[PDB]
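Here the structure is laid out as structure tokens; the discussion comes afterwards.
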Amino acid sequence: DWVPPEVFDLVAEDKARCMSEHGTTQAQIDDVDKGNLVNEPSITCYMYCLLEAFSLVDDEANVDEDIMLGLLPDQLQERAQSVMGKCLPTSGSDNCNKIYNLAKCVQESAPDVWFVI
Ligand SMILES: CC(=O)CCCCC/C=C\C(=O)O
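Shown next as structure tokens:
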């Protein structure tokens, strides 16, 4: 992708923790990455969990746009601001479901640059 390998090491402890907490499998993550998203807590609560580990969302799955933007390469800033304009604020029944809807929105809007670690 555009995601550099250093980022995988950085997320490794939290990834292991969030998969363990939520019953997530690598296969589920690969599915999401392949654009296939279902409203299963084991995947959706994983995504919320990891986002939270990096202060990208708060206790009610409100996205920190600035942190999100500061994390992305300089190239995607422009298209990411557009995707956020369409897909934020988050909404849903709970934290996991809010990230499910966000994931659905962001994938529908910017498949090219869609991905989850
Ligand atoms: C849903 C998902 O995988 C997003 C993970 C965000 C983690 C990024 C952590 C560190 C960085 O980008 O430097």
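Going by the deposited numbering, the residue at position 57 of the sequence shown is 59; the numbering climbs one at a time, nothing skipped. Beta carbons are placed, not taken as given, at the ideal position from N, Cα and C, and that holds for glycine.
Cβ pair residue i, residue j closer than 9 Å
i      : j     : result
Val59  : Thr26 : no
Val34  : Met21 : no
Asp68  : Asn97 : no
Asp3   : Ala55 : no
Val115 : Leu78 : yes
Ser111 : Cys89 : yes
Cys47  : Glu8  : no
Residue i - DSSP class collapsed to helix/strand/coil
i      : result
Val118 : coil
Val59  : strand
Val13  : coil
Contacts around residue i, its chain only, beta-carbon distance under 7 Å, and the 5 residues preceding and following it disregarded
i         : result
residue 2 : The first residue shown for the chain is 3 and the last is 119, placing residue 2 beyond what the model contains.
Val65     : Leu58, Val59, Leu90, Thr92
Closest by C-alpha distance to residue i, when choosing among the options
i         : options                       : result
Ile101    : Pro113, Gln83, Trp4, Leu52    : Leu52
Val40     : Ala112, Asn99, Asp114, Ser111 : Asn99
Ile45     : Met86, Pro113, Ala105         : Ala105
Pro113    : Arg81, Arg19, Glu42           : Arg81
residue 2 : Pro75, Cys107, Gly94          : Only positions 3 to 119 of the chain appear in this structure, which leaves residue 2 out of reach.
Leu12     : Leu73, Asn103, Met86          : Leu73
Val85     : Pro75, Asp76, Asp66, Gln109   : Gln109
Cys107    : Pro43, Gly37, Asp76           : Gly37
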